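The structure file upload_7.pdb is reproduced below (PDB, C-alpha atoms and all ligand atoms).
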ATOM      1  CA  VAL A   3       0.000   0.000   0.000  1.00  0.00           C
ATOM      2  CA  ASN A   4       0.906   3.670  -0.678  1.00  0.00           C
ATOM      3  CA  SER A   5       3.572   2.783  -3.321  1.00  0.00           C
ATOM      4  CA  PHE A   6       3.650   6.248  -5.041  1.00  0.00           C
ATOM      5  CA  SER A   7       6.145   6.749  -7.878  1.00  0.00           C
ATOM      6  CA  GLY A   8       7.024   9.289 -10.557  1.00  0.00           C
ATOM      7  CA  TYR A   9       5.880  12.371  -8.593  1.00  0.00           C
ATOM      8  CA  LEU A  10       7.534  15.791  -8.639  1.00  0.00           C
ATOM      9  CA  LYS A  11       8.209  17.053  -5.061  1.00  0.00           C
ATOM     10  CA  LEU A  12       6.801  20.560  -4.557  1.00  0.00           C
ATOM     11  CA  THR A  13       7.211  20.907  -0.759  1.00  0.00           C
ATOM     12  CA  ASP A  14       8.290  18.447   2.018  1.00  0.00           C
ATOM     13  CA  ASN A  15       4.639  17.156   2.029  1.00  0.00           C
ATOM     14  CA  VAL A  16       3.055  17.973  -1.438  1.00  0.00           C
ATOM     15  CA  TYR A  17       3.786  15.939  -4.590  1.00  0.00           C
ATOM     16  CA  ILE A  18       2.319  16.261  -8.109  1.00  0.00           C
ATOM     17  CA  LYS A  19       2.108  14.009 -11.223  1.00  0.00           C
ATOM     18  CA  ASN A  20       0.602  14.162 -14.750  1.00  0.00           C
ATOM     19  CA  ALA A  21      -1.657  11.101 -14.286  1.00  0.00           C
ATOM     20  CA  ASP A  22      -5.217   9.725 -14.208  1.00  0.00           C
ATOM     21  CA  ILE A  23      -6.286   9.407 -10.521  1.00  0.00           C
ATOM     22  CA  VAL A  24      -7.999   6.057 -11.415  1.00  0.00           C
ATOM     23  CA  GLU A  25      -4.774   4.519 -12.797  1.00  0.00           C
ATOM     24  CA  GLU A  26      -2.787   5.887  -9.836  1.00  0.00           C
ATOM     25  CA  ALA A  27      -5.257   4.251  -7.355  1.00  0.00           C
ATOM     26  CA  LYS A  28      -4.914   0.873  -9.149  1.00  0.00           C
ATOM     27  CA  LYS A  29      -1.063   0.932  -9.087  1.00  0.00           C
ATOM     28  CA  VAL A  30      -0.514   2.518  -5.660  1.00  0.00           C
ATOM     29  CA  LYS A  31      -3.334   0.843  -3.627  1.00  0.00           C
ATOM     30  CA  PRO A  32      -3.557   3.938  -1.355  1.00  0.00           C
ATOM     31  CA  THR A  33      -5.009   4.004   2.154  1.00  0.00           C
ATOM     32  CA  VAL A  34      -7.152   7.023   1.053  1.00  0.00           C
ATOM     33  CA  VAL A  35      -8.284   8.255  -2.359  1.00  0.00           C
ATOM     34  CA  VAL A  36      -9.958  11.686  -2.471  1.00  0.00           C
ATOM     35  CA  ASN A  37     -13.132  12.192  -4.547  1.00  0.00           C
ATOM     36  CA  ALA A  38     -14.014  15.724  -5.751  1.00  0.00           C
ATOM     37  CA  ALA A  39     -17.681  15.292  -4.747  1.00  0.00           C
ATOM     38  CA  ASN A  40     -20.875  17.451  -4.837  1.00  0.00           C
ATOM     39  CA  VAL A  41     -23.166  17.808  -1.749  1.00  0.00           C
ATOM     40  CA  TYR A  42     -25.628  15.006  -2.850  1.00  0.00           C
ATOM     41  CA  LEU A  43     -22.787  12.573  -3.830  1.00  0.00           C
ATOM     42  CA  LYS A  44     -24.044  12.162  -7.414  1.00  0.00           C
ATOM     43  CA  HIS A  45     -20.933  10.807  -9.185  1.00  0.00           C
ATOM     44  CA  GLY A  46     -22.126  11.289 -12.792  1.00  0.00           C
ATOM     45  CA  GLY A  47     -19.157  12.962 -14.436  1.00  0.00           C
ATOM     46  CA  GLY A  48     -15.576  14.182 -14.248  1.00  0.00           C
ATOM     47  CA  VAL A  49     -13.356  12.801 -11.418  1.00  0.00           C
ATOM     48  CA  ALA A  50     -16.324  11.448  -9.438  1.00  0.00           C
ATOM     49  CA  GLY A  51     -17.689   9.629 -12.537  1.00  0.00           C
ATOM     50  CA  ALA A  52     -14.284   8.126 -13.362  1.00  0.00           C
ATOM     51  CA  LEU A  53     -13.767   6.789  -9.765  1.00  0.00           C
ATOM     52  CA  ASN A  54     -17.364   5.440  -9.648  1.00  0.00           C
ATOM     53  CA  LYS A  55     -17.093   3.641 -13.031  1.00  0.00           C
ATOM     54  CA  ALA A  56     -13.765   2.100 -11.872  1.00  0.00           C
ATOM     55  CA  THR A  57     -15.676   0.584  -8.852  1.00  0.00           C
ATOM     56  CA  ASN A  58     -18.410  -0.748 -11.294  1.00  0.00           C
ATOM     57  CA  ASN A  59     -20.979   1.560  -9.638  1.00  0.00           C
ATOM     58  CA  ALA A  60     -20.324   0.215  -6.069  1.00  0.00           C
ATOM     59  CA  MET A  61     -19.366   3.765  -4.970  1.00  0.00           C
ATOM     60  CA  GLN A  62     -22.676   5.295  -6.154  1.00  0.00           C
ATOM     61  CA  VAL A  63     -24.773   2.571  -4.492  1.00  0.00           C
ATOM     62  CA  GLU A  64     -22.918   3.114  -1.163  1.00  0.00           C
ATOM     63  CA  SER A  65     -23.284   6.937  -1.565  1.00  0.00           C
ATOM     64  CA  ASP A  66     -27.050   6.706  -2.230  1.00  0.00           C
ATOM     65  CA  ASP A  67     -27.507   4.660   0.991  1.00  0.00           C
ATOM     66  CA  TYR A  68     -25.390   7.259   2.942  1.00  0.00           C
ATOM     67  CA  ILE A  69     -27.500  10.156   1.525  1.00  0.00           C
ATOM     68  CA  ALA A  70     -30.810   8.396   2.323  1.00  0.00           C
ATOM     69  CA  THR A  71     -29.962   8.258   6.046  1.00  0.00           C
ATOM     70  CA  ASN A  72     -27.720  11.311   6.554  1.00  0.00           C
ATOM     71  CA  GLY A  73     -28.728  13.953   4.010  1.00  0.00           C
ATOM     72  CA  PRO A  74     -26.395  16.057   1.876  1.00  0.00           C
ATOM     73  CA  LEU A  75     -22.945  17.314   2.887  1.00  0.00           C
ATOM     74  CA  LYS A  76     -22.069  21.059   3.120  1.00  0.00           C
ATOM     75  CA  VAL A  77     -19.648  22.875   0.737  1.00  0.00           C
ATOM     76  CA  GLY A  78     -16.189  22.658   2.393  1.00  0.00           C
ATOM     77  CA  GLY A  79     -17.168  19.415   4.181  1.00  0.00           C
ATOM     78  CA  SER A  80     -16.243  15.752   3.789  1.00  0.00           C
ATOM     79  CA  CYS A  81     -17.295  12.172   4.370  1.00  0.00           C
ATOM     80  CA  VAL A  82     -15.196   8.989   4.733  1.00  0.00           C
ATOM     81  CA  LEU A  83     -16.767   5.946   3.003  1.00  0.00           C
ATOM     82  CA  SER A  84     -15.332   2.660   1.574  1.00  0.00           C
ATOM     83  CA  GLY A  85     -12.664   2.923  -1.151  1.00  0.00           C
ATOM     84  CA  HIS A  86     -13.963  -0.386  -2.659  1.00  0.00           C
ATOM     85  CA  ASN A  87     -11.290  -1.836  -5.138  1.00  0.00           C
ATOM     86  CA  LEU A  88      -9.407   1.486  -5.513  1.00  0.00           C
ATOM     87  CA  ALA A  89      -8.352   2.222  -1.902  1.00  0.00           C
ATOM     88  CA  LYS A  90      -9.029   1.300   1.778  1.00  0.00           C
ATOM     89  CA  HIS A  91     -11.148   4.501   2.109  1.00  0.00           C
ATOM     90  CA  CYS A  92     -12.593   7.199  -0.130  1.00  0.00           C
ATOM     91  CA  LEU A  93     -12.628  10.694   1.346  1.00  0.00           C
ATOM     92  CA  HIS A  94     -15.498  12.469  -0.474  1.00  0.00           C
ATOM     93  CA  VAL A  95     -14.602  16.201  -0.275  1.00  0.00           C
ATOM     94  CA  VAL A  96     -16.891  19.046  -1.445  1.00  0.00           C
ATOM     95  CA  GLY A  97     -14.944  21.949  -2.953  1.00  0.00           C
ATOM     96  CA  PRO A  98     -16.729  25.139  -4.080  1.00  0.00           C
ATOM     97  CA  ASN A  99     -18.133  25.188  -7.633  1.00  0.00           C
ATOM     98  CA  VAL A 100     -17.267  28.814  -8.538  1.00  0.00           C
ATOM     99  CA  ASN A 101     -18.997  28.335 -11.986  1.00  0.00           C
ATOM    100  CA  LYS A 102     -22.267  27.979  -9.954  1.00  0.00           C
ATOM    101  CA  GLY A 103     -21.498  31.064  -7.769  1.00  0.00           C
ATOM    102  CA  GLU A 104     -20.117  29.212  -4.710  1.00  0.00           C
ATOM    103  CA  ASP A 105     -17.614  30.973  -2.389  1.00  0.00           C
ATOM    104  CA  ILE A 106     -13.932  30.389  -3.359  1.00  0.00           C
ATOM    105  CA  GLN A 107     -12.978  31.060   0.305  1.00  0.00           C
ATOM    106  CA  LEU A 108     -14.444  27.618   1.150  1.00  0.00           C
ATOM    107  CA  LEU A 109     -11.596  25.947  -0.832  1.00  0.00           C
ATOM    108  CA  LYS A 110      -9.398  26.313   2.339  1.00  0.00           C
ATOM    109  CA  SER A 111     -12.032  24.421   4.384  1.00  0.00           C
ATOM    110  CA  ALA A 112     -12.201  21.701   1.666  1.00  0.00           C
ATOM    111  CA  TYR A 113      -8.417  21.056   1.858  1.00  0.00           C
ATOM    112  CA  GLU A 114      -8.448  21.167   5.686  1.00  0.00           C
ATOM    113  CA  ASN A 115     -10.272  17.762   5.557  1.00  0.00           C
ATOM    114  CA  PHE A 116      -7.011  16.186   4.190  1.00  0.00           C
ATOM    115  CA  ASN A 117      -5.257  16.910   7.559  1.00  0.00           C
ATOM    116  CA  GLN A 118      -7.116  13.956   9.184  1.00  0.00           C
ATOM    117  CA  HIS A 119      -5.253  11.347   7.012  1.00  0.00           C
ATOM    118  CA  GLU A 120      -1.444  10.671   7.138  1.00  0.00           C
ATOM    119  CA  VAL A 121      -1.207  10.135   3.342  1.00  0.00           C
ATOM    120  CA  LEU A 122      -3.691  10.680   0.487  1.00  0.00           C
ATOM    121  CA  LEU A 123      -3.992  10.354  -3.304  1.00  0.00           C
ATOM    122  CA  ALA A 124      -6.055  13.372  -4.519  1.00  0.00           C
ATOM    123  CA  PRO A 125      -7.216  15.459  -7.474  1.00  0.00           C
ATOM    124  CA  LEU A 126      -6.663  19.293  -7.598  1.00  0.00           C
ATOM    125  CA  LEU A 127      -9.835  20.547  -5.838  1.00  0.00           C
ATOM    126  CA  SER A 128     -12.418  22.644  -7.722  1.00  0.00           C
ATOM    127  CA  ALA A 129     -10.491  22.481 -11.044  1.00  0.00           C
ATOM    128  CA  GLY A 130     -12.253  21.420 -14.365  1.00  0.00           C
ATOM    129  CA  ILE A 131     -15.988  22.240 -14.596  1.00  0.00           C
ATOM    130  CA  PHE A 132     -15.930  23.643 -10.978  1.00  0.00           C
ATOM    131  CA  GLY A 133     -14.052  26.690 -12.493  1.00  0.00           C
ATOM    132  CA  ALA A 134     -11.591  27.589  -9.710  1.00  0.00           C
ATOM    133  CA  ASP A 135      -8.206  29.010 -10.783  1.00  0.00           C
ATOM    134  CA  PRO A 136      -5.986  25.876 -10.693  1.00  0.00           C
ATOM    135  CA  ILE A 137      -2.869  27.923  -9.739  1.00  0.00           C
ATOM    136  CA  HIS A 138      -4.822  29.277  -6.716  1.00  0.00           C
ATOM    137  CA  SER A 139      -6.120  25.789  -5.758  1.00  0.00           C
ATOM    138  CA  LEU A 140      -2.521  24.462  -5.702  1.00  0.00           C
ATOM    139  CA  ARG A 141      -1.435  27.404  -3.489  1.00  0.00           C
ATOM    140  CA  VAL A 142      -4.358  26.725  -1.073  1.00  0.00           C
ATOM    141  CA  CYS A 143      -3.332  23.042  -0.931  1.00  0.00           C
ATOM    142  CA  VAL A 144       0.329  23.868  -0.191  1.00  0.00           C
ATOM    143  CA  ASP A 145      -0.588  26.439   2.501  1.00  0.00           C
ATOM    144  CA  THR A 146      -3.327  24.308   4.189  1.00  0.00           C
ATOM    145  CA  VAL A 147      -2.393  20.634   3.996  1.00  0.00           C
ATOM    146  CA  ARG A 148       0.265  19.392   6.490  1.00  0.00           C
ATOM    147  CA  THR A 149      -0.100  15.624   5.807  1.00  0.00           C
ATOM    148  CA  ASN A 150       1.414  13.846   2.727  1.00  0.00           C
ATOM    149  CA  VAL A 151      -0.584  14.617  -0.426  1.00  0.00           C
ATOM    150  CA  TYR A 152       0.011  13.143  -3.875  1.00  0.00           C
ATOM    151  CA  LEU A 153      -1.851  15.194  -6.481  1.00  0.00           C
ATOM    152  CA  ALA A 154      -2.759  13.503  -9.769  1.00  0.00           C
ATOM    153  CA  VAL A 155      -3.492  16.034 -12.552  1.00  0.00           C
ATOM    154  CA  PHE A 156      -4.875  14.364 -15.725  1.00  0.00           C
ATOM    155  CA  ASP A 157      -3.805  17.109 -18.210  1.00  0.00           C
ATOM    156  CA  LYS A 158      -0.187  17.561 -19.322  1.00  0.00           C
ATOM    157  CA  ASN A 159      -0.654  21.261 -20.229  1.00  0.00           C
ATOM    158  CA  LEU A 160      -2.250  22.054 -16.878  1.00  0.00           C
ATOM    159  CA  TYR A 161       0.472  20.031 -15.079  1.00  0.00           C
ATOM    160  CA  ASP A 162       3.260  21.904 -16.941  1.00  0.00           C
ATOM    161  CA  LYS A 163       1.591  25.275 -16.234  1.00  0.00           C
ATOM    162  CA  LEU A 164       1.183  24.455 -12.466  1.00  0.00           C
ATOM    163  CA  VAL A 165       4.834  23.275 -12.029  1.00  0.00           C
ATOM    164  CA  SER A 166       6.197  26.298 -13.966  1.00  0.00           C
ATOM    165  CA  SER A 167       4.043  28.706 -11.872  1.00  0.00           C
ATOM    166  CA  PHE A 168       5.021  27.073  -8.567  1.00  0.00           C
ATOM    167  CA  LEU A 169       8.774  27.239  -9.427  1.00  0.00           C
ATOM    168  CA  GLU A 170       8.581  31.059  -9.815  1.00  0.00           C
TER     169      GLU A 170
HETATM  170  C1  LIG B 201     -10.214   8.220 -18.029  1.00  0.00           C
HETATM  171  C2  LIG B 201     -10.866   8.263 -16.670  1.00  0.00           C
HETATM  172  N1  LIG B 201     -10.298   9.320 -15.826  1.00  0.00           N
HETATM  173  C3  LIG B 201     -10.718  10.586 -15.880  1.00  0.00           C
HETATM  174  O1  LIG B 201     -11.611  10.960 -16.643  1.00  0.00           O
HETATM  175  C4  LIG B 201     -10.052  11.551 -14.967  1.00  0.00           C
HETATM  176  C5  LIG B 201     -10.236  12.910 -14.860  1.00  0.00           C
HETATM  177  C6  LIG B 201      -9.271  13.387 -13.915  1.00  0.00           C
HETATM  178  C7  LIG B 201      -8.829  14.645 -13.417  1.00  0.00           C
HETATM  179  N2  LIG B 201      -9.392  15.809 -13.851  1.00  0.00           N
HETATM  180  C8  LIG B 201      -9.155  17.136 -13.294  1.00  0.00           C
HETATM  181  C9  LIG B 201     -10.239  17.574 -12.330  1.00  0.00           C
HETATM  182  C10 LIG B 201      -9.919  17.971 -11.047  1.00  0.00           C
HETATM  183  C11 LIG B 201     -10.892  18.422 -10.178  1.00  0.00           C
HETATM  184  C12 LIG B 201     -12.233  18.490 -10.544  1.00  0.00           C
HETATM  185  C13 LIG B 201     -12.553  18.056 -11.835  1.00  0.00           C
HETATM  186  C14 LIG B 201     -11.572  17.627 -12.722  1.00  0.00           C
HETATM  187  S1  LIG B 201     -14.190  17.920 -12.387  1.00  0.00           S
HETATM  188  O2  LIG B 201     -14.285  18.520 -13.692  1.00  0.00           O
HETATM  189  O3  LIG B 201     -14.604  16.552 -12.248  1.00  0.00           O
HETATM  190  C15 LIG B 201     -15.083  18.894 -11.232  1.00  0.00           C
HETATM  191  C16 LIG B 201     -14.645  18.573  -9.808  1.00  0.00           C
HETATM  192  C17 LIG B 201     -13.234  19.075  -9.580  1.00  0.00           C
HETATM  193  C18 LIG B 201      -8.940  18.171 -14.412  1.00  0.00           C
HETATM  194  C19 LIG B 201      -7.612  18.316 -15.090  1.00  0.00           C
HETATM  195  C20 LIG B 201      -8.079  19.365 -14.139  1.00  0.00           C
HETATM  196  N3  LIG B 201      -7.805  14.701 -12.535  1.00  0.00           N
HETATM  197  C21 LIG B 201      -7.233  13.541 -12.185  1.00  0.00           C
HETATM  198  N4  LIG B 201      -7.526  12.301 -12.598  1.00  0.00           N
HETATM  199  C22 LIG B 201      -8.549  12.269 -13.466  1.00  0.00           C
HETATM  200  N5  LIG B 201      -9.031  11.158 -14.116  1.00  0.00           N
END

In structure tokens, write the structure found in this file.
Ligand SMILES: CCNC(=O)c1cc2c(N[C@H](c3ccc4c(c3)S(=O)(=O)CCC4)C3CC3)ncnc2[nH]1
Amino acid sequence: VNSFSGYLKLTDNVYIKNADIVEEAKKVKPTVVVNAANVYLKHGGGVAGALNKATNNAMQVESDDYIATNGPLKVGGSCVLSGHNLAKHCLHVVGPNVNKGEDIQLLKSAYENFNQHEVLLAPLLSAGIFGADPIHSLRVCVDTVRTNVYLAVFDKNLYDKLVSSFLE
């Protein structure tokens, strides 16, 4: 477990790689994989959809049962559930969707959830269709997370732009 390889070291506790989070979870077998979730845990597309399809829908079925009894999460909040075949646990974290008018300040709260786990495999929160500035999301991660985080960014151009910007 936690056999991470090929990552660029940004800080003593933040690492980054141009990779698909699904393929990283299969090779690494991490203790925790982070899902970029929405408050009702509907894993239809993007990172959430990719993780769910890689569990052959077991993640969505588990999430629907959680929602039925507990209700939706809050933006900036999180929920630990099974990681199924991809990891021991899945930490479902809700980052702000700035394309839907949600507060970017809550991105700090979203990353604070990582501090409860010694090591995690994660996507860059609120990137993609959530519309947050990816350079800013990396800065919030670096300034907030104290535990070991391995960021998988599935876009070579975005990866190159983030590394170049961080090295300034
Ligand atoms: C082939 C199956 N895998 C995938 O489709 C996949 C997609 C993917 C990925 N996408 C990034 C990303 C990061 C955060 C968020 C999104 C998307 S979202 O559009 O889902 C909205 C929620 C926040 C994207 C490059 C910035 N990052 C790592 N591993 C991946 N794997």

Residue with smallest distance to residue A:8 - pool A:124, A:142, A:154, A:169, counting only C-alpha atoms:
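So, comparing all the options, the nearest one is A:154.
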
In Å, with one decimal, what is the gap from atom CA of residue A:157 to atom CA of residue A:64?
29.2 Å

Quick check, in Å to one decimal: how far apart do atom CA of residue A:20 and atom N3 of ligand LIG 201 (chain B) lie?
8.7 Å

Check which residues satisfy the PyMOL selection byres (((chain A and resi 4) around 8) and not hetatm) in the file shown, then give them as a PyMOL selection string.
chain A and resi 3+5-6+30-33+121

Compute the set of protein, DNA and RNA residues whose minimum atom distance to ligand LIG 201 (chain B) is at most 9 Å, using all atoms listed in the file, and state it as a PyMOL selection string.
chain A and resi 20-26+37-40+47-53+55-56+96-99+124-134+136+153-158+160-161

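If all atoms listed in the file are the atoms counted, then among A:164, A:42, A:102, A:150 the closest residue to residue A:72 is A:42.
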
Residues at most 8 Å from residue A:62, counting all atoms listed in the file, excluding those fewer than 5 positions away in the same chain, as a PDB file with C-alpha atoms, in the frame of the given file?
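Result file out13.pdb:
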ATOM      1  CA  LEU A  43     -22.787  12.573  -3.830  1.00  0.00           C
ATOM      2  CA  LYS A  44     -24.044  12.162  -7.414  1.00  0.00           C
ATOM      3  CA  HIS A  45     -20.933  10.807  -9.185  1.00  0.00           C
ATOM      4  CA  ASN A  54     -17.364   5.440  -9.648  1.00  0.00           C
TER       5      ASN A  54
END

Find the residue from A:109, A:77, A:63, A:35 that sits nearest to residue A:91; use all atoms listed in the file when measuring.
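Closest to residue A:91, using all atoms listed in the file: A:35.
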
Please identify all polymer residues within 10 Å of residue A:82, counting all atoms listed in the file, omitting same-chain residues fewer than 2 positions from it, and present them as a short mmCIF file (atom, residue, chain, number, x, y, z; two decimals) with C-alpha atoms, in the frame of the given file.
data_model
loop_
_atom_site.label_atom_id
_atom_site.label_comp_id
_atom_site.auth_asym_id
_atom_site.auth_seq_id
_atom_site.Cartn_x
_atom_site.Cartn_y
_atom_site.Cartn_z
CA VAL A 34 -7.15 7.02 1.05
CA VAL A 35 -8.28 8.26 -2.36
CA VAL A 36 -9.96 11.69 -2.47
CA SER A 80 -16.24 15.75 3.79
CA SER A 84 -15.33 2.66 1.57
CA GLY A 85 -12.66 2.92 -1.15
CA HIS A 91 -11.15 4.50 2.11
CA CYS A 92 -12.59 7.20 -0.13
CA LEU A 93 -12.63 10.69 1.35
CA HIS A 94 -15.50 12.47 -0.47
CA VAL A 95 -14.60 16.20 -0.28
#

Expressed in Å to a single decimal, how great is the separation between atom CA of residue A:107 and atom CA of residue A:70?
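Going from atom CA of residue A:107 over to atom CA of residue A:70 covers 28.9 Å.
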
For residue A:86, work out the shell of residues within 8 Å, counting all atoms listed in the file and skipping chain neighbours fewer than 5 positions away, then give it as JSON, numbers by chain.
{"A": [57, 60, 61, 91]}

A:167, A:59, A:149, A:15: which is nearest residue A:120, counting all atoms listed in the file?
A:149

I need the residue nearest residue A:7 from this list: A:146, A:29, A:112, A:83. Use only C-alpha atoms for the distance.
A:29

Residue among A:114, A:65, A:163, A:104 lying closest to residue A:144, counting all atoms listed in the file:
A:114

Expected residue set, 7 Å radius at (-0.5, 31.0, -8.3), only C-alpha atoms, as a ChimeraX atom specification
/A:137-138,141,167-168

Applying 7 Å and only C-alpha atoms, which residues near residue A:147 remain after dropping the ones on its own chain fewer than 5 positions away? List them as a PyMOL selection string.
chain A and resi 113-114+116-117

Centre and edges of the stretch 133-139 of chain A box, axis-aligned, 8 Å extra per side, as lines of an AutoDock Vina configuration file:
center_x = -8.5
center_y = 27.5
center_z = -9.1
size_x = 27.2
size_y = 19.5
size_z = 22.7
